[PDB]
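1. once you've seen the sequence and the experimental structure below, I've got questions.
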Amino acid sequence: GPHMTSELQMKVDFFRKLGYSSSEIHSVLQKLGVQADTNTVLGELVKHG
């Protein structure tokens, strides 16, 4: 409850610090969702970005 870790959130906040764009991460994540993976995420940026 008080410490409800939002994995879905950290997923974006992570790459957000790597030096990417919020519109980029939030996008791929907005289309991928939770099914996405640490690999898929990177790939998306490798091509889209």
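-> Yes, it's here. Residues are numbered from 1 along each chain as shown.

2. going forward, measure contacts and count neighbours with C-alpha atoms only.
-> Fine.

3. does residue 13 lie in a helix or a strand, and which?
-> helix 7-18 (DSSP states H and E).

4. in that helix, what counts as buried?
-> 11, 12, 15, 16 (16 or more other CA atoms under 10 Å).

5. grab the nearest non-local neighbour of the second one.
-> Spelled out, it's residue 12. In space, residue 12 comes closest to residue 25 once its chain neighbours are excluded; the distance is 5.9 Å by CA to CA, 6 or more residues apart in numbering.

6. check the secondary structure at that neighbour for me.
-> helix (DSSP: H, G, I helix; E, B strand; the rest coil).

7. contacting residues for it?
-> 12, 15, 16 (CA atoms under 8 Å, 6 or more residues apart in numbering).

8. now the residues you listed in a markdown table, with distance to residue 40?
-> Below are these laid out as a markdown table (distance: CA to CA, whole Å):
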| residue | distance to residue 40 |
| --- | --- |
| 12 | 13 |
| 15 | 13 |
| 16 | 16 |
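
9. show me which of the residues you listed is closest to residue 38.
-> Nearest to residue 38 among the contacts of residue 25, counting by CA to CA, is residue 15 at 10.2 Å.

10. which helix or which strand is home to residue 4?
-> Using DSSP H and E, no helix or strand contains residue 4.

11. relative to residue 11, how far out is it?
-> Distance, residue 4 to residue 11, by CA to CA, to the nearest Å: 15 Å.

12. could you do residue 41 as well?
-> Using CA to CA, one gets 9 Å for the distance from residue 41 to residue 11.

13. go on, residue 36?
-> Applying CA to CA, the value for residue 36 to residue 11 is 10 Å.

14. same thing with residue 29?
-> Residue 29 sits 8 Å away from residue 11, going by CA to CA.

15. repeat for residue 49
-> As judged by CA to CA, residue 49 and residue 11 stand 17 Å apart.
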